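Chain naming here is simple, since letters A, B, ... match the order of the sequence lines and numbering starts at 1 in each. Just the heavy atoms: all of them, side chains too, but no hydrogens, waters or symmetry mates, feed the values below.
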Amino acid sequence: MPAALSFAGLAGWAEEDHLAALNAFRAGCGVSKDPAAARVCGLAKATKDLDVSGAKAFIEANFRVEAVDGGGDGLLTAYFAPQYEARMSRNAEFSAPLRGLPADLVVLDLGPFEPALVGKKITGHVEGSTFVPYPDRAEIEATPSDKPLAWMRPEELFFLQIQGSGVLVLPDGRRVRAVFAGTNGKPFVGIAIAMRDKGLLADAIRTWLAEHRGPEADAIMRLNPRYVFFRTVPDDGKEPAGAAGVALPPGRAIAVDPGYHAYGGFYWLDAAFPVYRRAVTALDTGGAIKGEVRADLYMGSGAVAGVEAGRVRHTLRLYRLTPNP
Amino acid sequence: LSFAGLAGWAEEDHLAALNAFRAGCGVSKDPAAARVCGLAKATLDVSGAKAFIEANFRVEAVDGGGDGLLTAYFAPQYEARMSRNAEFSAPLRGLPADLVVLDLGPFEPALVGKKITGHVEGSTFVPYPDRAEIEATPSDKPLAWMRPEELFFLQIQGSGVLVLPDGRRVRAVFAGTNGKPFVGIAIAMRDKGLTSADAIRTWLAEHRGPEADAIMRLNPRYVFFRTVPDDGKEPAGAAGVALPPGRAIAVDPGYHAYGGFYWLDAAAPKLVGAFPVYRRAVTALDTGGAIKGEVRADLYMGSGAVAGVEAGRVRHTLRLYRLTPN
């Protein structure tokens, strides 16, 4: 069957928790740049105490259903806000330093040099009488850290670098949030394919790396030259924020390719032994999420979330729920 | 194909042709050419040279005899002085040590092939100063001093010969840029009640000083140079040998070796005021960035303004012949 044009044709719409849908839109709309989305965001936040029937009606009277990519197939996976063990001091197991934004690193705007490049950027640092690209992972991992933010297991740092946010737990129960601070500007390279052609095979990557500290595993993580820097702040127990800078609503937010999807957009997932046909807001991304019909559904931060997220690998048809002009 | 069947070979000035080869051959890495070079350095008049050439080279078409392109070029020539004076008030500046040109590709593959120019300031990198800012920075070690409006034109042309009062000549060779784009001044001048290059040069010369400077400043681009002392009658080409006017070509060195002796048969001019045919023997002694292809020649017309006018009128369909020794 081809893709729907309206809410009537949308399989799952009638059974959707329309309150959760409407709250998902509210969770994310304020981040939106579009002006037609601003009016609707405004009315949504104003209008409270709607029951499920009202919420369903509000959404239907204010949005249009617009298939993405003509209704073509892509992929739904899911992720959760991970909680990692850390130390404030290095040992054999917690051998990788969590590193803050280096003071030498510059994101250089290119517009002052060439109008044709206004709003493009490069990242590097001064070395001698010139300016060079910031070192890659391997070369950063080779200079010791002056003032490391914490110490982690290498494979776990590596994976928190992919997510962009997490919570670290010291043995004394101090919870510290690690918040994305910047990047060395190198492109992300997923290490799974290279691990495949070497014959050593998502949770399995982690487990292999973990069983082979260090130089074995170190050498393969280094195939990803993209290094992510953090800042740390005491966890206030709230949901983490994602790329868009807003508290992620559990089960109701997706990570997207930002080159295809603006943050704050309202979407409908049609994915299919569980089934995901629900409205979500786009509020995050990840170094590996690429493509148009591609969404990574945020499951939450607890234990239940960790378990449900790993179950999701679904054929996805995606739709924008576009606010009416 | 022989010298009898060479359209033009009858009328050719064979003396100059041989002096072209002699100019010339000494730079060749071809044993056969060396043989003939030494042989010609010993041995004349207009009839004796025709004979000498007809007995020592054989004519051979290039690329089967396919059609290519003849253009021409010249060496601009300017007076200069080794000390400033209000006439020769603009310094010819070398490549600053702090100036850097960055390939952007290594930073962001999407920007492969792009470049920016600037210098390190503190812990960042800033755009290089424009013309107006460079001209307002006193010259530490100028390479020479030039009339400003003439430096301005040298900067557009990329290279030229400089002549001092005591007859010493230096070649001014392009060294780099401050990375800003050229901005023409004709229309800014025209919309001011002040249209060709000579006409702009005249005006700028007569209003030399603050007035002229203010409008040259509308062009933010700035070109830097290096100088090589060059005291031949004419300047040296890429082959290291001095170039005989009207008798030397620039070529693609991927196809044609320096010192090679060639015959040009050019016709079908594309421009107004052009000589209808070029038919002559010339030597390969130079190259340039734009001279690409096998049947492709840039004839060197000499230095100075006359050579420059002639050069601009060459655009002809070319059949290229090598005169191979033995």
Side-chain angles (χ1 to χ4, degrees), chain A residues 100-140 143 146 181-190 223-229 257-260 285 287-288 290-291, chain B residues 93-137 140-141 155 175-185 187-188 217-224 226:
Chain A
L101 231 213
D104 68 351
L105 174 151
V106 181
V107 189
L108 221 213
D109 193 60
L110 256 20
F113 297 84
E114 247 212 70
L117 298 187
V118 81
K120 321 264 198 278
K121 294 160 183 318
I122 57 176
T123 302
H125 71 314
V126 169
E127 166 216 281
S129 77
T130 184
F131 185 85
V132 300
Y134 210 84
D136 65 15
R137 179 180 296 273
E139 178 183 345
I140 290 160
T143 56
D146 220 51
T183 274
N184 67 346
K186 296 268 205 282
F188 176 84
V189 180
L223 271 30
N224 185 20
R226 175 211 188 233
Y227 194 90
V228 177
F229 300 105
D257 196 335
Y260 289 101
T285 181
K290 294 304 194 204
Chain B
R93 319 186 72 147
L95 219 224
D98 70 340
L99 182 152
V100 170
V101 185
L102 295 179
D103 298 312
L104 294 192
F107 290 86
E108 289 283 343
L111 301 175
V112 62
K114 304 303 148 281
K115 284 162 136 57
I116 59 171
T117 304
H119 59 279
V120 164
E121 196 184 50
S123 66
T124 354
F125 197 73
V126 299
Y128 219 77
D130 65 359
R131 180 180 288 280
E133 207 201 297
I134 288 168
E135 289 182 350
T137 301
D140 212 303
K141 288 201 56 48
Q155 287 177 322
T177 269
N178 68 343
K180 312 259 182 176
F182 179 73
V183 173
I185 62 196
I187 273 69
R217 275 195 267 102
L218 297 180
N219 179 30
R221 187 185 190 69
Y222 189 97
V223 177
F224 296 105
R226 62 180 173 91

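- Distance check, rounded to the nearest 0.5 Å: CG of A:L117 to CD of B:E108 gives 11.5 Å.
- Within the model, atoms CZ of B:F125 and NE2 of A:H125 stand 14.0 Å from one another, a figure rounded to the nearest 0.5 Å.
- In terms of non-hydrogen atom pairs under 4.5 Å with chain B, the most contact-rich of A:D104, A:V132, A:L108, A:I122 is A:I122.
- Within a 6.0 Å radius of CZ in A:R226, more than 12 heavy atoms belonging to other residues, nucleotides or ligands are found.
- With a 4.5 angstrom heavy-atom cutoff, A:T130 touches chain B via backbone and side-chain atoms both.
- In terms of heavy-atom proximity, A:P133 sits nearest to B:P106 at CG-O, 3.7 Å.
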